[PDB]
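# Per-entry structural report
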4 protein chains.
Amino acid sequence: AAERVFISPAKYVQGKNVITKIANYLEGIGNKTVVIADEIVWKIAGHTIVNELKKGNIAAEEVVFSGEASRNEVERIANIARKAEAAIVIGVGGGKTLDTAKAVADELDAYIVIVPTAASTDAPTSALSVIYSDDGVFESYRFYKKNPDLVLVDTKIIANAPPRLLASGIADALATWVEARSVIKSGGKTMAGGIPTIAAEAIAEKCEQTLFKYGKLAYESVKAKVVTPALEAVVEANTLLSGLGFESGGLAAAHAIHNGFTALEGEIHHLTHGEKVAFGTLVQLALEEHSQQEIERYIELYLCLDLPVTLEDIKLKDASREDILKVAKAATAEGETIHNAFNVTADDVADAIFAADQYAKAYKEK
Amino acid sequence: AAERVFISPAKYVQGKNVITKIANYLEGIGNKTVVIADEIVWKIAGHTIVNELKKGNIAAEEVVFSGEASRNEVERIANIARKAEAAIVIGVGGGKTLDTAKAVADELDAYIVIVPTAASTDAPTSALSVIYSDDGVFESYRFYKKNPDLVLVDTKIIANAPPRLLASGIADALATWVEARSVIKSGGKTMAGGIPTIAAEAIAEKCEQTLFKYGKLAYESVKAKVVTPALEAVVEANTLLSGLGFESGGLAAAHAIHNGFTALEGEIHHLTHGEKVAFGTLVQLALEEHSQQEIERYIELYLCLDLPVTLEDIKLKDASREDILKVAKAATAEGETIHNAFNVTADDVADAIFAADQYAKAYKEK
Amino acid sequence: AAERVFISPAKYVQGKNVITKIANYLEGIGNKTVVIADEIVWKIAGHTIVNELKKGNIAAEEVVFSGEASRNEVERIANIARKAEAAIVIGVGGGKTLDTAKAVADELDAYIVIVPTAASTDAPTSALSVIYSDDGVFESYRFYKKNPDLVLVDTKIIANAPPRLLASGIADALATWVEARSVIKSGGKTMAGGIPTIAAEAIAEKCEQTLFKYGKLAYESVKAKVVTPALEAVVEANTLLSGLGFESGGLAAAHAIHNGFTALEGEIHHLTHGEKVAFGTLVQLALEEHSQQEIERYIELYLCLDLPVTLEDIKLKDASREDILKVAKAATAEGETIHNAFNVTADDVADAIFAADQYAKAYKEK
Amino acid sequence: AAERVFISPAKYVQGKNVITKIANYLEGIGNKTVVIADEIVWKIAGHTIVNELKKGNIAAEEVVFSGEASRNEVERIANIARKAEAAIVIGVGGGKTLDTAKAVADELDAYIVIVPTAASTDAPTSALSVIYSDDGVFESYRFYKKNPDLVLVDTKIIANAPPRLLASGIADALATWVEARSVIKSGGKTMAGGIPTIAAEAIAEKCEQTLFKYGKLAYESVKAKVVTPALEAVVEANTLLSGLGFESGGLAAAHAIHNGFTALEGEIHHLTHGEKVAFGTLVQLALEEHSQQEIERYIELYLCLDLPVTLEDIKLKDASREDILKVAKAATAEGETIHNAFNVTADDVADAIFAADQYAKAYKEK
Ligand SMILES: NC(=O)c1ccc[n+]([C@@H]2O[C@H](COP(=O)([O-])OP(=O)(O)OC[C@H]3O[C@@H](n4cnc5c(N)ncnc54)[C@H](O)[C@@H]3O)[C@@H](O)[C@H]2O)c1
Ligand SMILES: NC(=O)c1ccc[n+]([C@@H]2O[C@H](COP(=O)([O-])OP(=O)(O)OC[C@H]3O[C@@H](n4cnc5c(N)ncnc54)[C@H](O)[C@@H]3O)[C@@H](O)[C@H]2O)c1
Ligand SMILES: NC(=O)c1ccc[n+]([C@@H]2O[C@H](COP(=O)([O-])OP(=O)(O)OC[C@H]3O[C@@H](n4cnc5c(N)ncnc54)[C@H](O)[C@@H]3O)[C@@H](O)[C@H]2O)c1
Ligand SMILES: NC(=O)c1ccc[n+]([C@@H]2O[C@H](COP(=O)([O-])OP(=O)(O)OC[C@H]3O[C@@H](n4cnc5c(N)ncnc54)[C@H](O)[C@@H]3O)[C@@H](O)[C@H]2O)c1
Ligand SMILES: [Zn+2]
Ligand SMILES: [Zn+2]
Ligand SMILES: [Zn+2]
Ligand SMILES: [Zn+2]
Ligand SMILES: [Zn+2]
Ligand SMILES: [Zn+2]
Ligand SMILES: [Zn+2]
Ligand SMILES: [Zn+2]
C-alpha cells in the first residue's frame, strides 16, 4: 500500500556532564570547528566547550549568534566558518541557535554537533530549521538531506536552565502523541515522507506516558537545580522521543494552530514555542471526540507546570472573532499539517479555539 | 550517573515495490554506484535494481558476491569499486551480503544503501559487520563510525523469499526484548556505548508485542507469497525494531550462546543465524526466573514457526557434557555479551543449555 | 491475648558446590568433628566432605550410619564421638541421618551442621527428631532446646539425587500452607509454642506460590541433573520455607494422617514421608470447604510429579473400612496435630480418606 | 551461581505481659544473670524483671547502663558480669542498651536475652552492635558469630512507651522493603553474606504491607496506651520482620544516607535512628524511578506519623551544598551499603537529597 519511513539523527548522547567529553566524541572527525552561541549561552556553556576542545588540540572559531534564525545570520556565520576552514559546526543553545547551526552546516557540508542548553523544544534532532526574518517574523522552513550527526545533551546544564524552559519543552513534547495518534488514525503522512512506522508510534506513545509519570517531578528537580532520574527521563522525552515522534510520527492540528498565531502581531509573540503549542494541543483535543475527563487530564498537568490554557493566558484576552479567524485561516492554509488528520474549515477551527478557552475556564471555575 | 546513547541508520524506507524508486532516492547523492549481490539474488532483484538505475542515468558496476563476508572479498570488491569511481555502494541480499557491503562502503567512505531481500536477521540497520574466514569460520567484528545511510525494504521481494528465512528473522527478533530487558534491569551497557534510552526500551518491548500478535499471520502470508498488513508489521519488527532494539537496547545471553556454537564443528553450522538464536533465547529464559507458563509461551510460538527448540533440532542430539561445556566456555569468554546481564560461570551456562532442552522436551511430550 | 513464637536454625546457606566451603564455615568453631552418613551417602558426599575438612586441618571421625533413626544408633554414635572428643557433629544425608545427627549433637552439647543430600523432607531446619525402633517402627519424638546451628544445602548434590526424592520433598512442602493456613484460621498453636507470627504466615504462603510456579521446572531439572534457578527456588521452598512454615506456622490434619498410617503394617511403609504426606494433604482438603476446581489444582500437580493420589497408589487398594478406621483413630489420638485446626471424630476422618480417594479417581476418569 | 544465606535469632517471643514469664524461659539455661538497663528503664521494667527472676530463684546482678553503646561501657559491664559469674545476659531497653548487651554477652560467651522496651529500631534481632565513642559519636560496628538467643517482646510495655518511639520504629521498618527490593534487583549481597533468600524477600515485602495496613491504627493505639491487634502486628513488623528483612534481605541507600549524617555536627543528632532513616528512605526513592504518586504514598504516611520529610524537619534548614556534599561523600564511602544497589557518585547523592526535600515541599504545598 503506502511506504513507511523513519529518519533519525545518527547519534544521541545524554547524561550529566557529557559536555566535558566533547573532545572525545570528535577525535576521529576533525580538529577545526566553529562554535555558535548567543551571549548568555557563551557564559553558561560556550567557554567550557571551547576549553575542552583546546585541551584536545581542536581549534575553535568563536561565533556570537545574533539571536535570530535568519538567512543573513546563516550567511554571516558560514562565511566566518569557511574562512576558518571549519569541518565541524557546533551549535550551543536553544532552538533558534540550533536551527541556525544546522543551516550553517548544510552550507558547508560539515559534521554538525547539536548541544541543547535547555530542553525547551524538539528542534534538536530534526532535519529542518525554522527560518525567520531578521525582525523575528516567521519566513520559511529549511529541510535537509540529513538529521544532525550528534546531539549531545548535558542534563547538568539543563537542570540549571530556567524552569520555564523545561515547562515549555514538556508542552512541546505533550503534543507528540496527540498529533501522531491523529495521523496514524487518518492514514496521513509524516515529515519523514510516508506513513508512520510502528517504531514512531511506540516512541510517541511512550513520550506521553513518560511525561505524565515524571513531568512534575522533573519540573521540581529543575526548581531545585538538581539532576534526578525523573529529570533524565523527561529530558529524553522532550528531546529524543518528542523529536522522533513528531518528525517520523506526524504533525496535525496542534502545530498548525501554533503557526496560525503568526497571523497576529502582539505580545503573544513573547511566549515560547512550547507555550503556544500547549494551547494548540487543547484546541486539537477540542476538535476530537474526548470526554470532559480526558481533556481535563491535560489541563490539570498544564496548570501544574504553569503553562497557558486560556486565551487570556496567551495574551489574547477578549480577542475578537475576526482576530481568531485570522489565526484559523492561517492554520488551515494549503500545505499546513492540520490537513494530515482533519477535514475542517477555518470556521471550524475558530470555533475550536473559543471552545478550548471555554473548557479551560470551566475547569478553573472548577 | 551513566550516559544513555541511541544510534540509528539515517533513513529507513519500507513498502511494497519500493525497489522501483531506488533511482529517486539517489538523485541528489550521485550517479556512479556499485551493486553487490550473490548469484541467486542477482536474478531475484539485482537486475531489476540495475535497470531502474540505468533508467535514471545512474551507472552501476555489477559485482557478484562470493557468498562469504570475508576480508578478502571485501578487499576485492573495494578495488572494483575504486576503479569504477563508485560513490554509492548498494548491498542486495541477506545478512552476509549486507555486512560485506558495509565494509566496502567504509573502505571508500561511500554512501551505503542496504536492500535486504529477506527479513532474516537484524543485520540491516546496524553499525557493524560480522566477518568470517573465507572458509566460513567466524573471525571478528567490524564496527563503523556510522550506521547505514539508507535501508530500503521491499515487502514484495520479501513475501516471495523462502518462509524459512522469515521464520529465522522472527527468531532473531524475538531475542530483542528478552535480551534488552535483561540489560535494562542489570544496568549494563549496549553496543551503542551507554545504558539504554527509554526510546530503545519502547522499541524493544513493542518488537515482542508485534511478533506475538502478527508473527503467525506473517508466516502464513509468506507461504502464500502475498503482502498483508501482518507481513508489513513483522518485516518492520524483524528489521527496524529488532535492529534498533539490539544495538541500542542491549545483547545478553541469547546472542552469546549463538556465538558459543562456533566452538563446535558440524552440521549445526548449516542452521541460520536466527535458528541458532531461537535456541539461545530459550537458554536465556532458563537462566532467568520464569514460571513454566511463561517459558512455554515462547516454545509454543517457535514450534508453530518450525523453529528449533531442542538439542536434537540444532543437530546436537545426545551431545556430550564436554561438547556443551565448550559452547558454554566460548559463550562466557571475557568480552561476551552475557556479562552485561548475568554473573554466571561456564558450568552454569552448560546446565542451562541442558535445562532448556529438557523443558522443550517436557513441553512436546505435553 | 496469646503469644506468638518464631524459632529458626541459626544459619542457612544454600548454593551450588557449597560443600567445598565447609572448612571455611567451621574455622572459628573447632577442629575435631564426627561425620555421619550411610553407605551410599559416604560415596556421594561423605568422602568429599572429609577431604575438605582434612585440607583445613580439621579432624574427622568417620561414622557409617545404620540407616534407622533409633535410640541405639544414637547411643552408639555418641559414644564414638565422645571418645573422639568431637566438638562438631556433621550429619550428611536424608531425613533419618539428619534426625540422628541432631540427637547425637544434643547428647554432646555439640555444634551441629546439617547437610541434606536430597531435598526430600523439611527435617533439616527443625528442632526435633523422629525416633524409630531399630526395626523401623515409629517410637517417639525428640525435641531440642535449639534448632541446628548450620544447615548447608548444596544444590549440585541435590540435582544429582533421584527425582523421586525431589518429588517427595515437594509433596512435604505443599502441605505447608494448607496446614499453616488452617492453624492461623482456627487460632491454634504451632510446634514453636504459640500462635503463628506474620513472618511464618508470609513464609508458608510463599512456599506454596513457589512450588506452583517452579515445581515442574525443578523436577525436569533434576531429571536432566542440572542446576537451574527453578531448582534453586524449589530447594529453598522444600527446606527453609517448608521447615520454618511447618514448625513456626503449624501442623494440622495432613501430617496427622501421615502418622495414622503407622497403625497399619504393610507395603505402604516403603513409601517416602513426602509421598504419604501428599495423600494426607488431599485428605485435609476433603475435610475443608473447597470447590472441585480448587482440589483439582493440587491433584493435577501431584500427578505431574508422579506422586500418589489414591488409596491404590499408597498400597491400600480396596482397603477395608476397618483398616481405614485404624488410621483415622490413630490420626485423631489425643495430642495429634489435627486437633489444632479441626474438631472431627475418627469416623469423620475415615470418611474423608475415602472421599479424597474418590475425588482423585473422579479426576483421573476426567 | 551465588549462595543465598539466611540468619536469625534462635527464638522470638512476643505478647502482652510476656515479661512475667521470663523465669520460665530460662529454667533450663541457668540461675545467675546480669540485667542491664538505663535509669528510666529500670523503673519501667527492670525491677519487674528482677522480681520475676528472684521468684524463680534466679540471681540477678543489677547494672545501670551509662546510656551510650561504647567500648568502655561494654568493658565495665563485662567485668561486673564476670565477677558475678553470670551465665546469662539480659539487655532491657532501647537500641543502645541492646547493642551493649550483645557485646557484653559476646565477651563472656553467655546466653543473651534481648527485651526491647520500645519498638523503635530493628536492632533487637540482629547479629551486630553499633558502637559509639563515649561522647556519642559513631565509631564502628561489632559483628557476632550468632544472633541473640531469645528476643522477648512485651507489647504491654511497648503500648506505654512514647508514641514517638513507635513512629521511629515504623520509619526504620518502612526502609526494609525499599532497601531489600533494590538489593534483590541488583544482585547485591546482604549482611548475612550472600544473596537474599526467597524467605527474606517474603518477609521484607510483608513488612511493608503490614505497616501500610496497620501503622496508623498502631500509632493511635499507643497514643491511648492500649494493646490492639494492630499494635501486635506493627510491633512484629518493626522487630522481627524489619530485623530479618534488613539483615538477610539487604541494606542500600536509605541506611547509607542515615550514616552519612554523622559527617555533620549539630542538632540533627538529637533525632532518632528511625527519624533519620525516614528521610534516607525518601532519598532512596528519589534515586529510583518512581512516579510522583508512588513517592507521595510514603510522604503521606510519614506525615501522619509526625515523621520528618524535609531538610528543615531534620534540622538542616537551608543547609549549604557543601554541607550536603559532606553527607553524600560519607554515604558513598567505600564499603557503604549504597553500593550494593546503586552505581552513583557523591554528587548524584547530594542532588537526590535536595530533590527529596523538594518533592516533600511540593507535596506539602499540595
Ligand atoms: N527545526 C525544528 O524542528 C524546530 C522544532 C521546534 C521548535 N523549533 C524552533 O525553536 C525556536 C524556539 O526555541 P527555544 O524555545 O529554545 O527559544 P530560543 O532559542 O529563542 O531561546 C532560548 C532562550 O533561552 C536561553 N537559554 C538557553 N539555554 C539557557 C540556559 N542554560 N540558561 C539560561 N538561558 C538559556 C537563550 O539564551 C535564549 O534567550 C523557534 O525559532 C522554533 O521555530 C524548531
Ligand atoms: N552485522 C550485524 O548486526 C548482523 C546481525 C545479525 C546477523 N548478522 C549476520 O547475518 C548473516 C546471516 O545472514 P542471513 O541469515 O540472511 O544469511 P545469508 O546472508 O548467508 O544467506 C541468505 C541466503 O538467502 C538467500 N536469499 C536472500 N534473499 C533471497 C530471496 N529473496 N529469495 C531466495 N533466497 C534469498 C541468499 O542467496 C543466501 O543463500 C551472518 O553472517 C550473521 O553474522 C549480522
Ligand atoms: N525431624 C523432622 O522435622 C522431620 C520432618 C520431616 C521428615 N522427617 C523424617 O525424615 C525421614 C524420612 O527422610 P527421607 O525421606 O529423606 O528418607 P531417608 O533419610 O530414610 O532416606 C533417604 C534415602 O535417600 C538416599 N539418599 C540421600 N541422598 C541421596 C543422594 N544424593 N543420592 C542418592 N540417594 C540419596 C539415602 O541413602 C536413603 O536411602 C523420616 O524418618 C521422617 O520422620 C523428620
Ligand atoms: N545493631 C543493630 O542492628 C541496630 C539496628 C538499628 C538501630 N541500632 C541502634 O539503635 C540505637 C538507637 O536506639 P533507639 O532508637 O531505641 O534509642 P536509644 O536506645 O538510645 O534510646 C531509647 C530511649 O528511649 C527510652 N526508652 C526505652 N524504652 C522506654 C519506655 N518503655 N518508656 C520510656 N522511655 C523508654 C530509653 O530510656 C532511651 O532514652 C542506635 O545506637 C543505633 O545504632 C542498632
Ligand atoms: Zn513544537
Ligand atoms: Zn512586546
Ligand atoms: Zn541476531
Ligand atoms: Zn554439512
Ligand atoms: Zn513432613
Ligand atoms: Zn515390603
Ligand atoms: Zn535502621
Ligand atoms: Zn543539641
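Residues numbered from 1 in each chain as written, not as in the entry; some residues may be left out. Chains lettered and ligands numbered in written order. Part of a larger assembly, values for the part shown. Heavy atoms only, no water.

What counts here: UniProt positions are given in the numbering used here, feature names are shortened, and annotations may be inferred rather than shown by experiment.
Per the PDB entry, chain A carries the name Glycerol dehydrogenase and comes from Geobacillus stearothermophilus. Per UniProt, the comment on chain A under Subunit is "Homooctamer." UniProt, in its Sequence similarities section for chain A, records the words "Belongs to the iron-containing alcohol dehydrogenase family."

## Details of the site of ligand 2
Residue and element names in this part refer to chain B. The cut-off we apply is this: Note on terminology: near, applied to a residue and a molecule or strand, indicates that one of the residue's heavy atoms is within 4 Å of it. Counted as a polar contact is a pair of N or O atoms within 3.5 Å, where, for protein atoms, one must be capable of donating a hydrogen and the other of accepting one, and residues adjacent in sequence contribute only when both atoms are in side chains. Reported accessibility uses the Shrake-Rupley method at a 1.4 Å probe radius. Residues are deemed covered only where the shown protein chains occlude them. Only DSSP runs of H or I with at least four residues qualify as helices, and only runs of E with at least two residues qualify as strands; both kinds are numbered from the N terminus onward. Classes in brief: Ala, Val, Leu, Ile, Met, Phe, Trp, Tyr, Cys and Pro nonpolar; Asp, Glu, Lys and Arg charged; the others, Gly included, polar. Segmentation of the chain into domains, including their bounds, is taken from an automatic or database domain assignment.
Taken together, 25 residues form the shell around ligand 2, and within it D38, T117, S120, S126 and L128 come nearest. A distance of 2.7 Å separates an oxygen atom of ligand 2 from a polar side-chain atom of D38. The contact in question runs from a nitrogen atom of ligand 2 to an N or O atom on the side chain of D99, over 2.9 Å. For ligand 2, the protein covers 84% of the area, taking 870 Å² as the surface of the free molecule. Within the residue set of the shell around ligand 2, elements represented by two or more residues are α2 (39-54), α4 (95-108), β7 (128-132) and α6 (163-186). Broken down by class, the residue content of the shell around ligand 2 amounts to 11 nonpolar, eight polar and six charged. A domain-level breakdown of the shell around ligand 2 finds at least three residues from each of domain 1 (9-160) and domain 2 (161-366).

## What about the coordination of the zinc ion (ligand 7)?
Residues and elements named next belong to chain B. To keep things clear, this is the line we draw: A donor here means any N, O or S atom no more than 2.8 Å from the metal (3.2 Å for Na, K and Ca); water is not included, so a site may seem to lack partners. Any site counts as irregular unless it has four donors with all angles between 85 and 135 degrees, making it tetrahedral, or four or six donors with opposite ones more than 155 degrees apart and the rest between 65 and 115, making it square planar or octahedral. Burial classes: relative accessible area under 20% of the type maximum marks a residue as buried, over 50% as exposed, and values in between as partly exposed (1.4 Å probe, protein chains only).
Protein coordination of the zinc ion (ligand 7) is provided by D172 (OD), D172 (OD), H255 (NE2) and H273 (NE2), with donor distances spanning 2.0 to 2.7 Å. Classification of the site at the zinc ion (ligand 7) rests on its four donor atoms, whose angles at the metal span 53 to 154°, yielding the label irregular. Along the chain, the residues donating to the zinc ion (ligand 7) are arranged with the sequence spacing D-x82-H-x17-H. Highlighted residues: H255 in helix α9 (residues 253-260) and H273 in helix α10 (residues 273-287), separated in sequence by 18 residues. For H273, a relative accessible area of 26% translates into the label partly exposed.

## Digging into the relation of the copies chain D and chain B
Spelled out, the test is: Just so you know, the copies are superposed with least squares on the C-alpha atoms alone. Two residues qualify as a contact provided that any one of their heavy atoms is within 4.5 Å of a heavy atom in the partner residue.
With an RMSD of 0.0 Å, the operation that places chain D on chain B is a rotation of 180° combined with a shift of 0.0 Å along the axis. Classification of the inter-copy transformation places it as that of a two-fold axis. Residues of chain D ranked by C-alpha distance from the rotation axis are headed by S186 of chain D, positioned 3.2 Å from it. When the interface residues of chain D are mapped onto chain B, 100% of them again fall at the interface, so both copies present the same face.

## Considering the site of ligand 3
Residues and elements named next belong to chain C. Within the structure, ligand 3 sits among 25 residues, and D38, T117, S120, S126 and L128 are positioned closest to it. In the environment of ligand 3, an oxygen atom lies 2.7 Å from a nitrogen or oxygen atom belonging to the side chain of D38. The contact in question runs from a nitrogen atom of ligand 3 to an N or O atom on the backbone of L128, over 2.7 Å. Alone, ligand 3 offers 880 Å² of accessible surface; in the complex the protein occludes 84% of this. When residues of the shell around ligand 3 are traced back to their parent elements, those giving at least two are α2 (39-54), α4 (95-108), β7 (128-132) and α6 (163-186). Here the shell around ligand 3 gathers at least three residues from each of two domains, domain 1 (9-160) and domain 2 (161-366).

## A short note on the interface of chain A and chain B
Where we set the bar: Computed with a 1.4 Å rolling probe, the buried area is the accessible surface lost when two parts are put together, summed over both parts. Within this document, salt bridges are pairs made up of a side-chain nitrogen of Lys or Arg and a carboxyl oxygen of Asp or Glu, the two lying within 4 Å of each other.
Listed as interface residues are 33 residues of chain A and, on the opposing side, 33 residues of chain B. For the pair chain A and chain B, the summed buried surface comes to about 2,600 Å²; carbon and sulfur atoms form 58% of the total. Counting across the interface, chain A meets chain B through four salt bridges. For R4 of chain A, the salt bridge is made with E236 of chain B, and the minimal N-O distance between the two is 2.8 Å. At the boundary of chain A with chain B, the tally comes to 14 residue pairs in polar contact. Elements represented by at least two residues in the side of chain A that touches chain B include exactly β1 (4-7), β2 (11-15), α7 (198-223) and α8 (229-249) of chain A. No other element matches the seven residues that α7 of chain A contributes to the side of chain A that touches chain B. Tallied by class, residues from the side of chain A that touches chain B come to 19 nonpolar, five polar and nine charged.

## Here we look at the domain arrangement of chain A
Residue and element names in this part refer to chain A. Domain parsing of chain A yields domain 1 (9-160) and domain 2 (161-366). Relative placement of domain 1 and domain 2: their C-alpha centres are 26 Å apart. Facing the 27 residues of domain 1 at the interface are 27 residues of domain 2. Of the roughly 2,100 Å² buried where domain 1 meets domain 2, counting both sides, 60% is carbon and sulfur surface.

## Looking at the packing of aromatic side chains
Quick note on the threshold: Only centres within 6.5 Å qualify two rings of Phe, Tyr or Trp (six-membered ring in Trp) as a pair; their planes then separate them into stacked at under 30 degrees, edge-to-face at over 60, and tilted for everything else. Charges are assigned to positions over rings by a cutoff of 6 Å between ring centre and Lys NZ or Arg CZ, combined with an angular limit of 35 degrees from the ring normal.
Taken as a whole and assessed by the stated rule, the structure comprises 16 aromatic pairs over all chains. Geometry around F212 of chain C places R297 of chain C over its ring, the cationic atom sitting 4.4 Å from the centre.

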